[PDB]
Amino acid sequence: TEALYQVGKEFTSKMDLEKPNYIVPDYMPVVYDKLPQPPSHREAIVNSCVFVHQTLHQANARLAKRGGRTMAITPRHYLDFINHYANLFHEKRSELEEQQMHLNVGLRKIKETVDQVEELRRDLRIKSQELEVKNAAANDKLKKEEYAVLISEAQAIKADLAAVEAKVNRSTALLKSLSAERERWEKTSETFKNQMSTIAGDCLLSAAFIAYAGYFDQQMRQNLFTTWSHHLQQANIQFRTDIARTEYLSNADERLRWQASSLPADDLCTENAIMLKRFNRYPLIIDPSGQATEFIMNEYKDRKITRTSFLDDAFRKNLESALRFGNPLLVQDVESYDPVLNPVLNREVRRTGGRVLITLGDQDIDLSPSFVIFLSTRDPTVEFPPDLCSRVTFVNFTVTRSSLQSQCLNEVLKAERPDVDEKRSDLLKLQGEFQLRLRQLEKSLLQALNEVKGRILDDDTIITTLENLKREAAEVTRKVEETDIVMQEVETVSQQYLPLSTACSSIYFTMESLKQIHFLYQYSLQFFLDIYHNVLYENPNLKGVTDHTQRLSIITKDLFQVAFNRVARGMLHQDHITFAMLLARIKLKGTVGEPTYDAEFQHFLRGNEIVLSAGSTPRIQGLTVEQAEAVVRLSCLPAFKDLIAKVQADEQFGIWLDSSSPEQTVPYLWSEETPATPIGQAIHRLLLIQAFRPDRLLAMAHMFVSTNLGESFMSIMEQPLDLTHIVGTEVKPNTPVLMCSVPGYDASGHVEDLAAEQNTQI
């Protein structure tokens with residue numbers, strides 16, 4: 001802790017980090033024991049920086065405790081954070097200062113114009129009085145050659161007065177045209193003092209996010225940011241909360257360019273692009289889906305980024321060329337990382353005689369400043385040694401629920417309603433261009449007032465530019481609302497297909513978590529997209545259906561069925577009930593007319609955790625001690641409060657308790673104020689069976705799936721596997737057919753017979 005504090009304080013010395021009005025909180029979240037009792041603003045900042053490093057250790061221990069894959073946190077991560085903290089502070093401070101200066105100049109020029117147009121009115125009144133005197137004197141003297149001169153100079157004043165009033169009217173129009181700009185600029189100039197107060201806190205959160213949060217998923221990244229934000233709030237360090245880190249660490253122009261480079265529109269993905277643009281250590285990218293590798297290739301295309309792999313023999317030559325000519329390089333298969341890159345990643349260079357020499361292997365090589373290397377893997381579960389983790393910054397491209405919902409909503413929109421999707425995609429392009437145009441006009445309008453010399457009225461060209469910029473701004477603004485209303489009509493159409501996209505994300509993440517119960521249950525995102533692709537376009541049930549609602553209902557029904565069939569074919573039969581049960585819960589959550597059943601399912605899954613004392617069991621007649629214990633636990637639910645009385649009052653209860661298949665005729669031993677739906681009926685039957693006849697729980701679980709998903713939902717698993725159709729249609733030539741069997745079973749005969757029947761040589 002002392003080492004981190006000393007490193008942080010020393011590296012932050014160049015930083016301002018000075019705030020005389022800093023108020024020491026009643027309790028300081030001190031992390032350094034030898035921190036002085038009255039800490040200053042700089043000391044509190046460095047203390048917070050140390051705290052960020054320690055919480056990364058705690059976060060890793062948390063995930064490790066939960067059997068999660070963790071990467072080692074090293075002092076190089078700390079050095080990256082402090083370096084990013086220094087860089088962001090200087091960049092944010094320099095940007096803010098220039099903005100305030102630019103706004104100060106524009107406000108002064110507009111204020112000077114206001115004073116000028118005010119004095120023009122007085123000049124106009126004086127000129128009008130002069131004209132009246134000249135005209136009256138000329139007419140009166142005419143009432144009596146020289147008088148012709150008097151009326152001629154009076155006409156000259158008439159032209160001069162008319163010209164002045166024309167300039168006054170034009171200038172009055174300019175004031176109104178710049179009014180809104182003046183009001184906005186005053187507010188930003190007023191809030192300018194606020195941004196400087198919060199820059200130190202904001203840059204600490206941002207720098208910690210880039211240096212540390214790359215490897216973790218969406219949920220953990222929020223946990224670390226919340227943990228850091230809580231520490232800064234409790235340590236009386238000012239930081240803004242309204243602004244998202246995506247917009248703080250990147251500009252709209254860069255985000256638009258990232259979209260043009262095929263970067264998916266996701267907050268996590270945008271953060272990854274920010275890390276790939278602001279990295280001290282060379283990035284290590286994890287993307288099983290592969291958009292990150294493509295995004296890097298298009299982003300550095302103008303720099304001719306070279307693609308290669310560690311397993312390739314030409315990697316050494318390719319790396320040597322990149323180190324010499326300074327071209328960007330992307331190397332894949334880092335799970336087979338080749339250690340000759342250690343000096344390159346560590347940036348161990350010797351600058352002697354104008355030559356930046358790096359010793360690659362046994363050869364000394366001159367290093368070009370434009371060199372940059374990206375290392376990528378397609379394995380999200382790959383483990384890395386601690387030294388490799390220290391030498392790179394992690395950039396994990398994980399799939400988030402929000403992004404997958406948007407992807408599936410987009411895919412169904414393109415499929416079911418292509419015209420609406422085409423309209424929506426056009427409005428994406430139109431709105432982005434309009435926002436870009438508005439930003440350009442604002443900068444141009446500010447720049448014109450920054451470079452204008454003297455007063456606006458002095459130069460007519462400046463006035464014309466201001467009028468044109470406002471007219472263009474007003475016109476581009478008008479296009480914004482009309483695109484907004486059309487985009488709004490698009491969303492009301494997208495609302496109908498929204499529940500389906502929500503279901504799609506739920507299925508995939510259930511499949512993703514299926515690996516927790518068996519190592520063989522590994523399902524990629526592409527496999528789900530193939531299932532989603534099959535339902536949308538290869539659906540035999542959509543042959544003649546034209547209703548949009550009817551087609552949607554068929555798609556939703558078939559999505560659950562096709563997902564079950566494909567997954568359960570590569571699952572042990574004892575786990576088929578688990579997957580269909582969870583799919584039934586997913587569909588149940590998607591029904592508006594059904595209750596949540598949150599408490600019922602909570603007891604169904606954690607009913608054994610309800611600790612009962614010795615006197616808790618009342619020893620109900622006709623029930624085993626273990627059966628009686630399960631009854632009291634079930635009695636905790638409101639619907640089973642009087643279960644014991646109902647059980648005791650039933651003479652036929654003993655007959656049902658010894659029935660061969662009690663799940664078919666479960667008696668009505670629950671009290672409801674209103675009649676329950678058939679799904680709710682099965683849930684209570686499931687709860688009763690678990691307490692009384694656990695040996696029939698699997699049979700009753702199948703009944704619930706029949707109640708929710710259908711009687712024939714699991715019927716296809718009872719039929720022999722049809723390898724003819726699946727291989728010919730559902731399997732791409734790129735996807736291998738993994739035929740895994742329990743001992744005593746060999747599927748080689750299946751392939752031999754299948755190959756003969758197609759008359760395909762194997």
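Rules used throughout
- Residues numbered from 1 in each chain as written, not as in the entry; some residues may be left out.
- Part of a larger assembly, values for the part shown.
- Heavy atoms only, no water.
- Core = buried A, V, L, I, M, F, W, Y, C linked by side-chain atoms within 4.5 Å.
- Buried < 20%, exposed > 50% of the residue type's maximum accessible area, 1.4 Å probe, protein only.
- Helix = DSSP H or I, 4+ residues; strand = E, 2+ residues; numbered from the N terminus.
- Contact = heavy atoms within 4.5 Å.
- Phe/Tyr/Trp six-rings, centres within 6.5 Å; stacked < 30°, edge-to-face > 60°.
- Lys NZ or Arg CZ within 6 Å of the ring centre and 35° of its normal.
- Expected span 1.5 Å × (residues − 1).
- Pairing = 2+ DSSP bridges.
- Axes fitted to C-alpha atoms, helices over the stretch in contact; angles between N-to-C directions.
- Right-handed = clockwise from strand over helix to strand, strands pointing away.
- 1 Å grid on protein atoms, 1.4 Å probe; cavity = no way out; pocket = protein on both sides within 12 Å on 5 of 7 lines; lining within 4 Å.
- Points joined across faces, edges and corners; volume = space filled by probe spheres on them.
- Nonpolar A, V, L, I, M, F, W, Y, C, P; charged D, E, K, R; others polar.
- Patch = residues over 30% accessible without salt bridge, like charges linked within 9 Å, V, L, I, M, F, W, Y side chains within 5 Å.
- Areas by Shrake-Rupley, 256 points an atom, 1.4 Å probe, with all protein chains shown as cover.
- Salt bridge = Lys/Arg side-chain N within 4 Å of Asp/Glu carboxyl O.

The protein is annotated in the PDB entry as Cytoplasmic dynein 1 heavy chain 1 of Homo sapiens. The title given to this entry in the Protein Data Bank is "State-2 of motor domain from full-length human dynein-1 in 5mM ATP".

## Observations regarding the nonpolar core
In this structure, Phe81, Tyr85, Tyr212, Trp228, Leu341 and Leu375 are the most contacted members of the largest nonpolar core, which totals 103 residues. Broken down by element, the residue count for this core peaks at 13 residues, all from helix 4 (residues 146-212). Sequence-distant contacts of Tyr212, defined by excluding residues within four places in its chain, comprise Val52, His53, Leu56, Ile73, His77, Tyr78, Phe81 and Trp228. In terms of nonpolar packing, the next biggest core, distinct from the first, is built from 79 residues, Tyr497, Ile507, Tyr532 and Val631 among them.

## A word on the packing of aromatic side chains
Counting across every chain of the model gives 26 aromatic pairs. Taken together, a centroid distance of 4.9 Å and an interplanar angle of 70° make the contact between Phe653 and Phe692 edge-to-face. A residue pair is termed long-range when its members are at least 10 positions apart, and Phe653 in helix 22 (residues 653-657) and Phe692 in helix 23 (residues 678-692) qualify at 39 residues. For the pair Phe653 and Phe692, one class covers both residues: buried. Through a chain of ring-to-ring contacts, three or more aromatic side chains come together here, namely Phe279, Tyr282, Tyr300, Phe371 and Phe374. We note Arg347 situated over the ring of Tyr282; from NZ or CZ to the ring centre the distance is 4.1 Å. One residue, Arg585, lies across the ring of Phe601, its end atom 3.9 Å from the ring centre.

## A short note on helix 16 (residues 525-537)
Relative to the 18 Å expected for 13 residues at 1.5 Å per residue, helix 16 spans 18 Å between its end C-alpha atoms, a close match to the ideal helical length. Along helix 16, the residues classified as buried are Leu525, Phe528, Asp530, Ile531, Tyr532, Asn534, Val535 and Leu536. Looking at the packing, one finds that the buried side of helix 16 touches helix 13 (401-416), helix 15 (460-513) and helix 17 (548-568).

## Remarks on the sheet that holds strand 4 (residues 350-352)
Taking strand neighbours across the sheet as the criterion, the three strands line up as 4-5-6 in an open arrangement whose pairing is antiparallel. Because the sheet does not close on itself, it has two edges, and the strands there are strand 4 and strand 6 (363-366). On average, each strand axis in the sheet is inclined to that of its neighbour by 35°, with strand direction left out of account. One ladder, built from four bridges, connects strand 5 (residues 355-360) with strand 6; its direction is antiparallel. The residue bridging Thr359 from the neighbouring strand is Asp364, located in strand 6. Contacts from helix 10 (residues 315-325) reach strand 5 and strand 6 within the one sheet, and its direction differs from that of strand 6 by about 40°.

## Focus on the pairing of strand 3 (residues 328-332)
Of all the five residues making up strand 3, four are buried; the element is thus mostly covered by neighbouring parts of the structure. In terms of handedness, the path from strand 2 (residues 306-309) via helix 10 over to strand 3 forms a crossover that is right-handed. Judged from the four bridges that link them, strand 3 and strand 7 (residues 372-377) form a sheet pairing that is parallel. Across the sheet, residue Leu329 finds its bridge partner in strand 7, namely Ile373.

## Comments concerning the sheet that holds strand 1 (residues 283-286)
The strand order across the open sheet formed by five strands is 2-3-7-1-8, and the pairing between neighbours is parallel. Each having just a single partner strand, strand 2 and strand 8 (393-396) make up the two edges of the open sheet. Each adjacent strand pair in this sheet contributes to an overall mean axis angle of 25°, direction not counted. The strands that helix 8 (residues 267-277) touches are strand 1, strand 7 and strand 8; relative to strand 8, the one it contacts most, it runs at about 155°.

## With respect to empty space enclosed by the protein
In this model, the largest cavity occupies a volume close to 150 Å³. Every residue lining the largest cavity is counted, 16 residues in all, and those nearest its centre are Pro264, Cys269, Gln291, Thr398 and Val399. For the lining of the largest cavity, the elements supplying multiple residues, two or more each, are helix 9 (291-299) and helix 13. Here the lining of the largest cavity takes three residues from helix 9, the largest share from any one element. A breakdown of the residues in the lining of the largest cavity according to their chemical character gives eight nonpolar, six polar and two charged. Lining of the second largest cavity is provided by 13 residues; of these, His77, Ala211, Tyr212, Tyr215 and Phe394 occupy positions nearest its centre. Within the residue set of the lining of the second largest cavity, elements represented by two or more residues are helix 4 and strand 8. The element contributing the most residues to the lining of the second largest cavity is helix 4, with three residues. Looking at the lining of the second largest cavity, its residues break down into nine nonpolar, three polar and one charged.

## Section: a nonpolar patch on the surface
On the surface, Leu721, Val727, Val737 and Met739 cluster together to form a nonpolar patch covering roughly 300 Å² of accessible area. Mapped onto the secondary structure, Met739 falls in the loop between helix 25 (723-730) and helix 26 (748-757).

## What about unusual backbone geometry?
Of note in the backbone geometry, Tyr597 takes a positive phi value of approximately 55° without being a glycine. Position of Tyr597 among the secondary structure elements: in the loop between helix 18 (576-589) and helix 19 (598-606). Residue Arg619 is not a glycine yet carries a positive backbone phi of 55°. Relative to the assigned elements, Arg619 resides in the loop between helix 19 and helix 20 (625-634). Owing to a relative accessible area of 72%, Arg619 belongs among the exposed residues under this scheme.

## A short note on the layout of surface pockets
Considering only enclosed or pocket space, the second largest pocket measures out at about 1600 Å³ in volume. Taken together, 36 residues line the second largest pocket, and the ones lying closest to its centre are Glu95, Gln99, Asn251, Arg439 and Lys443. Broken down by secondary-structure element, the contributors of at least two residues to the lining of the second largest pocket are helix 3 (75-142), helix 4, helix 6 (245-248), helix 7 (252-260) and helix 14 (418-451). Looking at the lining of the second largest pocket residue by residue, the class counts come to nine nonpolar, ten polar and 17 charged.

## Side note on the pattern of salt bridges
Oppositely charged side chains can pair when the atoms bearing their charge come close. Inspection of every chain in the model, using the stated rule, returns 40 salt bridges. The partner of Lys317 in a salt bridge is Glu320, and the shortest N-O contact between them spans 3.9 Å. Here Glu320 and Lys317 lie together in helix 10, a separation of three residues that amounts to about one turn. For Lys317, a relative accessible area of 45% gives the class partly exposed.

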